[PDB]
Structures are given as C-alpha cells and as structure tokens.
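Enquirer: So here's upload_3.pdb (PDB, C-alpha atoms (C1' of nucleotides)).
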```pdb
ATOM      1  CA  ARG O 783       0.000   0.000   0.000  1.00  0.00           C
ATOM      2  CA  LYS O 784       2.921   2.355   0.639  1.00  0.00           C
ATOM      3  CA  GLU O 785       4.136   1.553  -2.877  1.00  0.00           C
ATOM      4  CA  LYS O 786       0.651   2.395  -4.160  1.00  0.00           C
ATOM      5  CA  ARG O 787       0.647   5.675  -2.211  1.00  0.00           C
ATOM      6  CA  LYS O 788       4.054   6.952  -3.388  1.00  0.00           C
ATOM      7  CA  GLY O 789       2.671   7.790  -6.845  1.00  0.00           C
ATOM      8  CA  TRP O 790      -0.402   9.187  -5.148  1.00  0.00           C
ATOM      9  CA  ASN O 791      -0.548  12.839  -4.147  1.00  0.00           C
ATOM     10  CA  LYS O 792       0.903  15.454  -6.497  1.00  0.00           C
ATOM     11  CA  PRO O 793      -0.084  14.241 -10.011  1.00  0.00           C
ATOM     12  CA  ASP O 794      -3.131  12.261 -11.150  1.00  0.00           C
ATOM     13  CA  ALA O 795      -2.092   8.610 -11.452  1.00  0.00           C
ATOM     14  CA  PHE O 796      -5.654   7.252 -11.606  1.00  0.00           C
ATOM     15  CA  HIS O 797      -9.137   8.329 -12.626  1.00  0.00           C
ATOM     16  CA  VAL O 798     -10.715   5.930 -10.097  1.00  0.00           C
ATOM     17  CA  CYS O 799      -9.540   3.989  -7.042  1.00  0.00           C
ATOM     18  CA  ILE O 800     -10.641   0.591  -5.732  1.00  0.00           C
ATOM     19  CA  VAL O 801     -10.496   0.315  -1.931  1.00  0.00           C
ATOM     20  CA  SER O 802     -11.996  -2.389   0.272  1.00  0.00           C
ATOM     21  CA  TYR O 803     -14.465  -1.602   3.053  1.00  0.00           C
ATOM     22  CA  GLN O 804     -12.316  -2.649   6.014  1.00  0.00           C
ATOM     23  CA  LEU O 805      -9.096  -0.970   4.841  1.00  0.00           C
ATOM     24  CA  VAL O 806     -10.610   2.516   5.155  1.00  0.00           C
ATOM     25  CA  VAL O 807     -10.903   1.860   8.899  1.00  0.00           C
ATOM     26  CA  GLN O 808      -7.125   1.638   9.334  1.00  0.00           C
ATOM     27  CA  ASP O 809      -6.194   3.995   6.479  1.00  0.00           C
ATOM     28  CA  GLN O 810      -9.002   6.497   7.185  1.00  0.00           C
ATOM     29  CA  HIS O 811      -6.361   9.035   8.240  1.00  0.00           C
ATOM     30  CA  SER O 812      -4.620   8.730   4.861  1.00  0.00           C
ATOM     31  CA  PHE O 813      -7.709   8.576   2.630  1.00  0.00           C
ATOM     32  CA  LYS O 814      -9.383  11.594   4.262  1.00  0.00           C
ATOM     33  CA  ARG O 815      -6.570  13.880   3.061  1.00  0.00           C
ATOM     34  CA  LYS O 816      -7.207  13.660  -0.688  1.00  0.00           C
ATOM     35  CA  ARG O 817     -10.294  15.267  -2.192  1.00  0.00           C
ATOM     36  CA  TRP O 818     -12.727  13.019  -4.049  1.00  0.00           C
ATOM     37  CA  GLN O 819     -15.648  13.386  -6.452  1.00  0.00           C
ATOM     38  CA  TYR O 820     -17.593  10.104  -6.268  1.00  0.00           C
ATOM     39  CA  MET O 821     -17.434   7.606  -3.416  1.00  0.00           C
ATOM     40  CA  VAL O 822     -19.811   4.712  -4.112  1.00  0.00           C
ATOM     41  CA  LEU O 823     -20.756   1.931  -1.696  1.00  0.00           C
ATOM     42  CA  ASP O 824     -21.492  -1.614  -2.846  1.00  0.00           C
ATOM     43  CA  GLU O 825     -24.087  -3.741  -1.006  1.00  0.00           C
ATOM     44  CA  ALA O 826     -24.986  -0.953   1.445  1.00  0.00           C
ATOM     45  CA  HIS O 827     -26.641  -3.428   3.840  1.00  0.00           C
ATOM     46  CA  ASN O 828     -23.282  -3.491   5.665  1.00  0.00           C
ATOM     47  CA  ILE O 829     -23.036   0.209   6.632  1.00  0.00           C
ATOM     48  CA  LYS O 830     -26.728   0.071   7.621  1.00  0.00           C
ATOM     49  CA  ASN O 831     -25.785   0.197  11.323  1.00  0.00           C
TER      50      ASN O 831
ATOM     51  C1'  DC X   1      48.110 -15.597  -8.580  1.00  0.00           C
ATOM     52  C1'  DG X   2      44.860 -12.896  -5.195  1.00  0.00           C
ATOM     53  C1'  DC X   3      44.106  -7.873  -1.879  1.00  0.00           C
ATOM     54  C1'  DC X   4      43.327  -1.805  -1.111  1.00  0.00           C
ATOM     55  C1'  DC X   5      41.085   1.675  -3.633  1.00  0.00           C
ATOM     56  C1'  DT X   6      37.652   3.419  -6.552  1.00  0.00           C
ATOM     57  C1'  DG X   7      33.172   3.709  -8.643  1.00  0.00           C
ATOM     58  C1'  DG X   8      28.387   2.391  -9.466  1.00  0.00           C
ATOM     59  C1'  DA X   9      24.160   1.263  -7.080  1.00  0.00           C
ATOM     60  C1'  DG X  10      20.559   1.195  -3.599  1.00  0.00           C
ATOM     61  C1'  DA X  11      17.971   2.512   0.174  1.00  0.00           C
ATOM     62  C1'  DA X  12      17.485   4.734   4.712  1.00  0.00           C
ATOM     63  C1'  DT X  13      17.179   9.508   6.609  1.00  0.00           C
ATOM     64  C1'  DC X  14      16.256  14.584   7.043  1.00  0.00           C
ATOM     65  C1'  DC X  15      13.689  18.122   6.320  1.00  0.00           C
ATOM     66  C1'  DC X  16       9.905  20.857   4.543  1.00  0.00           C
ATOM     67  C1'  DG X  17       4.999  21.569   3.637  1.00  0.00           C
ATOM     68  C1'  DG X  18      -0.267  20.133   4.049  1.00  0.00           C
ATOM     69  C1'  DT X  19      -4.612  19.107   6.248  1.00  0.00           C
ATOM     70  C1'  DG X  20      -7.584  16.857   9.733  1.00  0.00           C
ATOM     71  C1'  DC X  21      -8.117  16.354  14.947  1.00  0.00           C
ATOM     72  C1'  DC X  22      -8.561  17.121  20.052  1.00  0.00           C
ATOM     73  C1'  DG X  23      -7.500  18.582  24.813  1.00  0.00           C
ATOM     74  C1'  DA X  24      -5.114  23.281  27.195  1.00  0.00           C
ATOM     75  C1'  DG X  25      -6.670  26.785  28.680  1.00  0.00           C
ATOM     76  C1'  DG X  26      -9.970  30.246  29.333  1.00  0.00           C
ATOM     77  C1'  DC X  27     -14.232  31.450  31.192  1.00  0.00           C
ATOM     78  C1'  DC X  28     -17.841  31.097  34.537  1.00  0.00           C
ATOM     79  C1'  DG X  29     -20.396  29.295  38.936  1.00  0.00           C
ATOM     80  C1'  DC X  30     -19.502  28.591  43.025  1.00  0.00           C
ATOM     81  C1'  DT X  31     -17.793  27.941  47.692  1.00  0.00           C
ATOM     82  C1'  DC X  32     -14.652  26.966  51.713  1.00  0.00           C
ATOM     83  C1'  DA X  33     -10.201  27.002  54.267  1.00  0.00           C
ATOM     84  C1'  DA X  34      -6.991  31.122  54.576  1.00  0.00           C
ATOM     85  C1'  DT X  35      -6.767  35.589  56.816  1.00  0.00           C
ATOM     86  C1'  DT X  36      -7.332  38.861  60.851  1.00  0.00           C
ATOM     87  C1'  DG X  37      -7.795  39.585  65.300  1.00  0.00           C
ATOM     88  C1'  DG X  38      -8.069  38.322  70.345  1.00  0.00           C
ATOM     89  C1'  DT X  39      -6.776  35.218  74.267  1.00  0.00           C
ATOM     90  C1'  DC X  40      -3.685  32.235  76.845  1.00  0.00           C
ATOM     91  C1'  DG X  41      -0.086  29.800  78.836  1.00  0.00           C
ATOM     92  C1'  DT X  42       4.261  27.920  77.697  1.00  0.00           C
ATOM     93  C1'  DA X  43       8.739  26.072  75.958  1.00  0.00           C
ATOM     94  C1'  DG X  44      13.241  28.319  74.241  1.00  0.00           C
ATOM     95  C1'  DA X  45      16.977  31.376  74.592  1.00  0.00           C
ATOM     96  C1'  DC X  46      20.101  33.736  78.426  1.00  0.00           C
ATOM     97  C1'  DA X  47      22.705  33.263  81.680  1.00  0.00           C
ATOM     98  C1'  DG X  48      24.651  30.412  85.663  1.00  0.00           C
ATOM     99  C1'  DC X  49      27.435  27.387  87.402  1.00  0.00           C
ATOM    100  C1'  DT X  50      30.147  23.126  87.304  1.00  0.00           C
ATOM    101  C1'  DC X  51      32.808  19.452  86.099  1.00  0.00           C
ATOM    102  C1'  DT X  52      35.063  16.355  83.322  1.00  0.00           C
ATOM    103  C1'  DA X  53      36.968  14.142  79.513  1.00  0.00           C
ATOM    104  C1'  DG X  54      39.730  16.044  75.364  1.00  0.00           C
ATOM    105  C1'  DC X  55      44.213  18.368  74.501  1.00  0.00           C
ATOM    106  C1'  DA X  56      48.966  18.776  74.082  1.00  0.00           C
ATOM    107  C1'  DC X  57      53.036  16.362  75.738  1.00  0.00           C
ATOM    108  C1'  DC X  58      57.210  13.305  77.277  1.00  0.00           C
ATOM    109  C1'  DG X  59      59.577   9.106  77.131  1.00  0.00           C
ATOM    110  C1'  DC X  60      60.366   3.677  77.038  1.00  0.00           C
ATOM    111  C1'  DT X  61      59.237  -0.315  73.972  1.00  0.00           C
ATOM    112  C1'  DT X  62      58.749  -2.986  70.774  1.00  0.00           C
ATOM    113  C1'  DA X  63      56.807  -3.789  65.777  1.00  0.00           C
ATOM    114  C1'  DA X  64      55.090  -3.098  61.398  1.00  0.00           C
ATOM    115  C1'  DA X  65      57.137  -0.551  56.877  1.00  0.00           C
ATOM    116  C1'  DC X  66      60.341  -0.422  53.779  1.00  0.00           C
ATOM    117  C1'  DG X  67      64.130  -1.357  50.401  1.00  0.00           C
ATOM    118  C1'  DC X  68      65.611  -4.796  47.736  1.00  0.00           C
ATOM    119  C1'  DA X  69      66.893  -9.258  45.514  1.00  0.00           C
ATOM    120  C1'  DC X  70      65.253 -13.170  43.359  1.00  0.00           C
ATOM    121  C1'  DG X  71      61.646 -15.519  40.409  1.00  0.00           C
ATOM    122  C1'  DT X  72      58.256 -17.869  38.136  1.00  0.00           C
ATOM    123  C1'  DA X  73      53.936 -17.990  36.323  1.00  0.00           C
ATOM    124  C1'  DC X  74      49.759 -16.170  34.904  1.00  0.00           C
ATOM    125  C1'  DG X  75      47.917 -11.813  32.089  1.00  0.00           C
ATOM    126  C1'  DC X  76      48.355 -11.084  27.644  1.00  0.00           C
ATOM    127  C1'  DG X  77      49.013 -11.326  22.648  1.00  0.00           C
ATOM    128  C1'  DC X  78      48.532 -14.237  18.824  1.00  0.00           C
ATOM    129  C1'  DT X  79      46.447 -17.972  16.061  1.00  0.00           C
ATOM    130  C1'  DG X  80      43.225 -21.529  14.236  1.00  0.00           C
ATOM    131  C1'  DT X  81      38.456 -23.422  14.790  1.00  0.00           C
ATOM    132  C1'  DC X  82      33.692 -23.987  14.456  1.00  0.00           C
ATOM    133  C1'  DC X  83      29.149 -23.050  15.536  1.00  0.00           C
ATOM    134  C1'  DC X  84      25.188 -20.042  16.665  1.00  0.00           C
ATOM    135  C1'  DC X  85      22.369 -16.422  16.237  1.00  0.00           C
ATOM    136  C1'  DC X  86      21.115 -12.550  12.752  1.00  0.00           C
ATOM    137  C1'  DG X  87      18.927 -11.538   8.305  1.00  0.00           C
ATOM    138  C1'  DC X  88      15.096 -12.850   5.454  1.00  0.00           C
ATOM    139  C1'  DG X  89      11.316 -15.258   3.411  1.00  0.00           C
ATOM    140  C1'  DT X  90       7.223 -18.098   4.277  1.00  0.00           C
ATOM    141  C1'  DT X  91       3.364 -19.946   7.909  1.00  0.00           C
ATOM    142  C1'  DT X  92       0.403 -19.401  11.594  1.00  0.00           C
ATOM    143  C1'  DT X  93      -2.274 -16.978  15.397  1.00  0.00           C
ATOM    144  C1'  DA X  94      -4.216 -12.622  18.415  1.00  0.00           C
ATOM    145  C1'  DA X  95      -7.006  -9.167  18.237  1.00  0.00           C
ATOM    146  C1'  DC X  96     -10.191  -5.708  16.316  1.00  0.00           C
ATOM    147  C1'  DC X  97     -14.862  -5.131  14.671  1.00  0.00           C
ATOM    148  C1'  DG X  98     -20.315  -6.477  13.437  1.00  0.00           C
ATOM    149  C1'  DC X  99     -24.473  -8.815  15.398  1.00  0.00           C
ATOM    150  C1'  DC X 100     -27.401  -8.099  19.025  1.00  0.00           C
ATOM    151  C1'  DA X 101     -28.326  -5.784  23.853  1.00  0.00           C
ATOM    152  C1'  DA X 102     -29.100  -6.388  28.808  1.00  0.00           C
ATOM    153  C1'  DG X 103     -27.756  -5.755  33.818  1.00  0.00           C
ATOM    154  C1'  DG X 104     -24.449  -5.611  38.495  1.00  0.00           C
ATOM    155  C1'  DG X 105     -21.963  -5.036  42.601  1.00  0.00           C
ATOM    156  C1'  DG X 106     -18.759  -2.027  44.810  1.00  0.00           C
ATOM    157  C1'  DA X 107     -16.762   2.338  45.986  1.00  0.00           C
ATOM    158  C1'  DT X 108     -19.167   7.037  46.858  1.00  0.00           C
ATOM    159  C1'  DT X 109     -21.869  10.283  49.338  1.00  0.00           C
ATOM    160  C1'  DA X 110     -24.754  11.311  52.995  1.00  0.00           C
ATOM    161  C1'  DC X 111     -26.742  10.386  57.348  1.00  0.00           C
ATOM    162  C1'  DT X 112     -26.740   8.410  61.974  1.00  0.00           C
ATOM    163  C1'  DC X 113     -25.615   6.984  66.697  1.00  0.00           C
ATOM    164  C1'  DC X 114     -22.196   5.470  70.770  1.00  0.00           C
ATOM    165  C1'  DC X 115     -18.467   4.626  73.289  1.00  0.00           C
ATOM    166  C1'  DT X 116     -12.735   4.561  73.771  1.00  0.00           C
ATOM    167  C1'  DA X 117      -9.785   7.437  74.933  1.00  0.00           C
ATOM    168  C1'  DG X 118      -7.617  12.387  75.763  1.00  0.00           C
ATOM    169  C1'  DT X 119      -7.291  14.982  79.852  1.00  0.00           C
ATOM    170  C1'  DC X 120      -7.019  15.615  84.482  1.00  0.00           C
ATOM    171  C1'  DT X 121      -5.998  13.638  88.896  1.00  0.00           C
ATOM    172  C1'  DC X 122      -3.472  11.069  92.823  1.00  0.00           C
ATOM    173  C1'  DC X 123      -1.233   6.880  94.700  1.00  0.00           C
ATOM    174  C1'  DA X 124       2.331   3.715  94.513  1.00  0.00           C
ATOM    175  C1'  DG X 125       6.730   1.168  93.156  1.00  0.00           C
ATOM    176  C1'  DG X 126      10.935  -0.144  90.458  1.00  0.00           C
ATOM    177  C1'  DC X 127      14.778  -0.012  88.040  1.00  0.00           C
ATOM    178  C1'  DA X 128      19.371   3.065  87.891  1.00  0.00           C
ATOM    179  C1'  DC X 129      22.622   3.305  91.404  1.00  0.00           C
ATOM    180  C1'  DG X 130      25.637   2.108  95.378  1.00  0.00           C
ATOM    181  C1'  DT X 131      27.803  -1.608  97.728  1.00  0.00           C
ATOM    182  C1'  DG X 132      29.131  -7.073  99.023  1.00  0.00           C
ATOM    183  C1'  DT X 133      31.312 -10.729  97.542  1.00  0.00           C
ATOM    184  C1'  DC X 134      33.604 -14.412  94.721  1.00  0.00           C
ATOM    185  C1'  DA X 135      36.256 -15.663  90.047  1.00  0.00           C
ATOM    186  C1'  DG X 136      40.168 -15.172  87.629  1.00  0.00           C
ATOM    187  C1'  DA X 137      44.585 -13.532  87.011  1.00  0.00           C
ATOM    188  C1'  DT X 138      49.000 -12.100  89.569  1.00  0.00           C
ATOM    189  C1'  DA X 139      53.203 -12.243  92.197  1.00  0.00           C
ATOM    190  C1'  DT X 140      55.793 -14.443  95.486  1.00  0.00           C
ATOM    191  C1'  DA X 141      57.790 -18.382  99.713  1.00  0.00           C
ATOM    192  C1'  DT X 142      59.599 -23.090  99.138  1.00  0.00           C
ATOM    193  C1'  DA X 143      61.208 -27.851  99.281  1.00  0.00           C
ATOM    194  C1'  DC X 144      63.581 -30.029  96.775  1.00  0.00           C
ATOM    195  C1'  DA X 145      66.966 -30.229  92.583  1.00  0.00           C
ATOM    196  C1'  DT X 146      71.023 -29.888  89.261  1.00  0.00           C
ATOM    197  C1'  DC X 147      76.245 -28.101  88.699  1.00  0.00           C
ATOM    198  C1'  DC X 148      80.359 -26.765  91.332  1.00  0.00           C
ATOM    199  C1'  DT X 149      83.725 -27.399  94.773  1.00  0.00           C
ATOM    200  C1'  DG X 150      86.524 -28.871  98.535  1.00  0.00           C
ATOM    201  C1'  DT X 151      88.160 -33.024  99.702  1.00  0.00           C
ATOM    202  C1'  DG X 152      89.527 -37.189 101.301  1.00  0.00           C
ATOM    203  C1'  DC X 153      90.914 -41.408  99.401  1.00  0.00           C
ATOM    204  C1'  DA X 154      93.856 -46.664  97.152  1.00  0.00           C
TER     205       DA X 154
END
```
Before we go any further, please render this structure as structure tokens.

Expert:
Amino acid sequence: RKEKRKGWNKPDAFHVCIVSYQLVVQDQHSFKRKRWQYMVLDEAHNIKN
DNA sequence: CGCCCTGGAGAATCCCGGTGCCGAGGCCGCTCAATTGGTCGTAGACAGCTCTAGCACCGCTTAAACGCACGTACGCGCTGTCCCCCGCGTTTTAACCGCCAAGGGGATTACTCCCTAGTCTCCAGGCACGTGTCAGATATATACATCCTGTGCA
C-alpha cells in the first residue's frame, strides 16, 4: 500500500480507485486527506448500522 | 596468482509543507479554608554554674614498613576453529470489529448513633545506682633439685 501511495498525491495517477471496506478503517487518516468526487458503496446493507 | 582503492548502485534519513483532529486553557459558577484579630499559657533562649573528659606532651618499647633481591607464572598477545544467532522469506495466530443488547456489585456520598480514649488527677513502686562478695589472674615463699667445689681417698 505504501508503494501504491508513493505515486499518489501530487499528479493524477488514476481516474478511479478501488479500496476495500475494512481498509478505510485503518487507512481512514490517509484517505481523508485527498479530495474526491464520487465515493460509491457496494451492497450498502453493511453500513446500515 | 589474489588484496586496497575506486566507482556504481541502492535505500534509509532529514527536512519541509499540508490538512484533519482534540485537549489546554480560558471562562464562569460557586464555595470553603486562609486571613485577621483576640486570648492564653508555655517552651526556648540567656545566663549560671560546674565538672570532666579532650588536649597537648614526654619518654620507654617494641613492631610493622620499607628497600631490595630473586623468580616464576599467569595476564596477555597471537592464532586456528567452528558453531550459533542474525537476516530474510514463508506460515500461523491474536485481536479488532459487526451482530445483538441487557444488567451488576462495589466504591461514593450522605446520614446516623455510641463509646474509647484524651485529659485531668493522685497513689504507689521499680529499676538506675551504690555496695558485698567471689572468680580469675598475679606475684611471690619453698622444698627439693642440678652443677660446682673442697676433699679425702687406694
């Protein structure tokens, strides 16, 4: 993940990113820094709580 | 034939932004032991006087300190050996959350009696002190006890 995040910030290396549900719990501090346009949730019956 | 010195390579570090996050401090409400004064009685500093071991000293009387000479043997330097834990990759488990919500007992706060001991008081007696007495260690008569000497002998 560090190797994925070293081409991350300054330029645009991707038009979309694929991140698992549970990884945003640990990496929430890193993912909250970058601005985003669309964040979509699959099978929302998880987050329902 | 194989080793210091150089050069290429790699990665670990330092430092400078860049944005989200939370408790340090400020602000208020409040509220209780510090502050001020008076009363009261009480131990500490000031002599006072005394008395007693520390101080400085002098001179026998040994007795450790010292200087040195020898020495020998273990601390140390060097060398060969080998093996054991570090570095790294691959396997395996501990712990967090999600589900899906309930109580539970133990220190806290507040209240409530109740009785053990501080304080005061007087009566008595007991252990620090002075003296009696024996234990141990000390210094000296003493009855033989071992050389020395007249001394008489064969």

Enquirer: Could you list, as a ChimeraX atom specification, every residue within 12 Å of residue 808 in chain O, counting all atoms listed in the file and ignoring same-chain residues fewer than 5 positions away?

Expert: /O:783,801-803,813-814 /X:96-97

Enquirer: At most 10 Å is the cut-off: for each residue in chain O with any atom that close to an atom of chain X, write down the nearest atom pair and the distance in Å rounded to one decimal, counting only C-alpha atoms (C1' of nucleotides), chain first then increasing number, as JSON lines.

Expert:
```
{"residue": "O:804", "atom": "CA", "partner": "X:97", "partner_atom": "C1'", "distance": 9.4}
{"residue": "O:807", "atom": "CA", "partner": "X:97", "partner_atom": "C1'", "distance": 9.9}
{"residue": "O:811", "atom": "CA", "partner": "X:20", "partner_atom": "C1'", "distance": 8.1}
{"residue": "O:812", "atom": "CA", "partner": "X:20", "partner_atom": "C1'", "distance": 9.9}
{"residue": "O:814", "atom": "CA", "partner": "X:20", "partner_atom": "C1'", "distance": 7.8}
{"residue": "O:815", "atom": "CA", "partner": "X:19", "partner_atom": "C1'", "distance": 6.4}
{"residue": "O:816", "atom": "CA", "partner": "X:19", "partner_atom": "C1'", "distance": 9.2}
{"residue": "O:828", "atom": "CA", "partner": "X:98", "partner_atom": "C1'", "distance": 8.8}
{"residue": "O:829", "atom": "CA", "partner": "X:98", "partner_atom": "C1'", "distance": 9.9}
{"residue": "O:831", "atom": "CA", "partner": "X:98", "partner_atom": "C1'", "distance": 8.9}
```

Enquirer: Pull out every residue that the PyMOL selection byres ((chain O and resi 822) around 12) matches in the shown coordinates and put them as a PyMOL selection string.

Expert: chain O and resi 798-803+818-821+823-826

Enquirer: Restricting it to C-alpha atoms, dump the selection as a compact mmCIF listing (two decimals), in the frame of the given file.

Expert:
```
# COMPACT_ATOMS: atom_id res chain seq x y z
CA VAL O 798 -10.72 5.93 -10.10
CA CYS O 799 -9.54 3.99 -7.04
CA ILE O 800 -10.64 0.59 -5.73
CA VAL O 801 -10.50 0.32 -1.93
CA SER O 802 -12.00 -2.39 0.27
CA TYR O 803 -14.46 -1.60 3.05
CA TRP O 818 -12.73 13.02 -4.05
CA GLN O 819 -15.65 13.39 -6.45
CA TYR O 820 -17.59 10.10 -6.27
CA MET O 821 -17.43 7.61 -3.42
CA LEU O 823 -20.76 1.93 -1.70
CA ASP O 824 -21.49 -1.61 -2.85
CA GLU O 825 -24.09 -3.74 -1.01
CA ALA O 826 -24.99 -0.95 1.44
```

Enquirer: Give me, please, the distance in Å between CA of residue 789 in chain O and CA of residue 809 in chain O, quoted to one decimal.

Expert: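 So the two atoms, CA of residue 789 in chain O and CA of residue 809 in chain O, lie 16.4 Å apart.
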
Enquirer: For residue 817 in chain O, which of O:830, O:785, O:794, O:805 is the closest residue, counting all atoms listed in the file?

Expert: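 The shortest atom-to-atom distance to residue 817 in chain O comes from O:794.
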